[PDB]
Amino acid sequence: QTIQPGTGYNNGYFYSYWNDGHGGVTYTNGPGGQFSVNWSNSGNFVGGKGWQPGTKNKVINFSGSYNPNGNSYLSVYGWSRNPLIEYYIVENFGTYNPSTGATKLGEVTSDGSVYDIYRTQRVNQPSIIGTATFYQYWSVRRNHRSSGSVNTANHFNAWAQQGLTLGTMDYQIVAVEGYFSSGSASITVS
């Protein structure tokens, strides 16, 4: 169904849909591992399906249509606690590379592309534990795509080599994120 912000289980998959209160976004859970998002003049939002809790060796399959018009990402996305970390394995993005201005720490080759690795920080921003300061870990795929498989272990292991430690995994989803833009997407996870 189309839903308001929240989390839960739908047709065998965890989902998380969050937004900053700005209008312009419609997030809809579909059959099985499918979800869709349609947005126009949105604020910041993040929505998708996966698992709760996530694991450090899952191979995640995603497919569908991803048509952003502006700033948006399509990523394997999740959190850990102890330490609190928001992480992204970005498979595709729109007009803005999320690593812009960030210091590159490394690279990893996985599932048909090299990815560049970065660490950034958010100060007193929304998080799974409420407003908080936390680091973000990024692997950014060089060869953009909208279907395929992500061997998360390759990324988590590469990050660990850079001192980017993950604690206990909270949720782990394939998420469509938008930042004051427009677009449409229909993604299926497994």
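The first residue of the sequence shown is number 1, and the count goes up from there. Think of the rigid core as the biggest set of C-alphas that the two forms share within 1.5 Å after superposition.
- Per-stretch RMS Cα distance to the displayed form in 4 other deposited structures of this protein, following rigid core alignment, is highest for 125-133 when 154-162 and 125-133 are compared.
- In summary, of the stretches 93-101 and 108-116, 93-101 shows the greater Cα distance from the shown form in 4 other deposited structures of this protein, with structures fitted on the rigid core.
- Across the two stretches, 160-168 and 60-68, the PDB entry reports the greater mean Cα temperature factor for 160-168.
- If you average the C-alpha B-factors over 115-123 and over 98-106, the higher value belongs to 98-106.
- The maximum CA B-factor among the listed residues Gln34, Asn41, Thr152, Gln136, taken from the PDB record, is found at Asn41.
- Among the modelled residues of its chain, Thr55 has a C-alpha B-factor that falls in the middle third, as given in the PDB entry.
- Among all modelled residues in this chain, the alpha-carbon of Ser16 has a temperature factor (C-alpha) in the lowest third.
- Per-chain ranking of the deposited C-alpha B factor places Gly30 in the middle third.
- Among the modelled residues of the chain, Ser184 sits in the highest third by CA temperature factor in this PDB entry.
- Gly130: CA B factor lies in the highest third for its chain, per the PDB record.
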